[PDB]
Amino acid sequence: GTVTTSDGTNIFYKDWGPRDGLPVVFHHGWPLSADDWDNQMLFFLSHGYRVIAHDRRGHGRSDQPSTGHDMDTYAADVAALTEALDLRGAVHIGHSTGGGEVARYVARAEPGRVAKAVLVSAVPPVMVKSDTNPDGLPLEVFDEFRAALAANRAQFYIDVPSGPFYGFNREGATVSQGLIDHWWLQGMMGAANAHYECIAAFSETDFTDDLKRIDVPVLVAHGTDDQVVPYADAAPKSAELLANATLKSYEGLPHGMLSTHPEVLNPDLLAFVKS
């Protein structure tokens, strides 16, 4: 389906499963699309849930607008979607950049919209190194990403999934060429301007205040060998700021562990959704 937001942007979404099922809403990372969740959507569908996933503005099949590439607009786009579908008691699961979108939307959501949230390999509290965050990554790492994306996006999108994203640069790791090709295809369908601008939106936005307002139970899951969103500056810190958080650490797993190790993660997600 599609949902039109307040500035006229059409957002594409998938909505599968029982109309009466408990809604599980998935928020993809950068620079991907709702199709990055195939495995988890089939999994949750098989357990009877209703599964919903949208393409962020400028990504996948959604429109490619000139503006709105920032976390507040992203969270507002989610609210347009959940209001259009009139979702109640949904579970929101966000990966990477999508975990920041989830944190901001759940902090601002209308009552009864959300029951639980899951932040997987997520960006909060804040990634960039600063006064307030001495353990963050320097701005130069993100300048690098911006410069390579602008210069030859198609090559940059082979390098990322080939190296750090799924940990395929680690000696002995089982490599899947299909995961590399699929990441590149999802990224090439989206907009160069949205992908370029989103880098600053995921790495420089402070979600500390958002996390402080979340009162529903939150599962915080992260792999310890994450080469994209450093584990120590994210997971433990987010868990400490949330009122009702469960922290799960997966030794040796990468940033895209939902696709490389779904047999480890999926049972832990279903347990939490059922608790």
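Start at 1 with the first residue shown and count on from there.
Of the two segments examined, 33-41 and 63-71, it is 63-71 that shows the higher average Cα temperature factor in the deposited entry.
For the pair 105-113 and 170-178, the record assigns the higher mean C-alpha temperature factor to 105-113. Between the residues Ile93, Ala76, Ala84, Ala154, it is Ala84 that shows the highest Cα B-factor in the PDB record. Residue set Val51, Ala221, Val228, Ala245: peak C-alpha B-factor at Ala245 (per PDB entry). In this PDB entry, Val123 carries a Cα temperature factor that places it within the middle third of its chain's modelled residues. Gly190: CA B factor lies in the lowest third for its chain, per the PDB record.
In this PDB entry, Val141 carries a Cα temperature factor that places it within the highest third of its chain's modelled residues.
Among all modelled residues in this chain, the alpha-carbon of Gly21 has a temperature factor (C-alpha) in the highest third.
When the modelled residues of the chain are ordered by C-alpha B-factor, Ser203 sits in the middle third.
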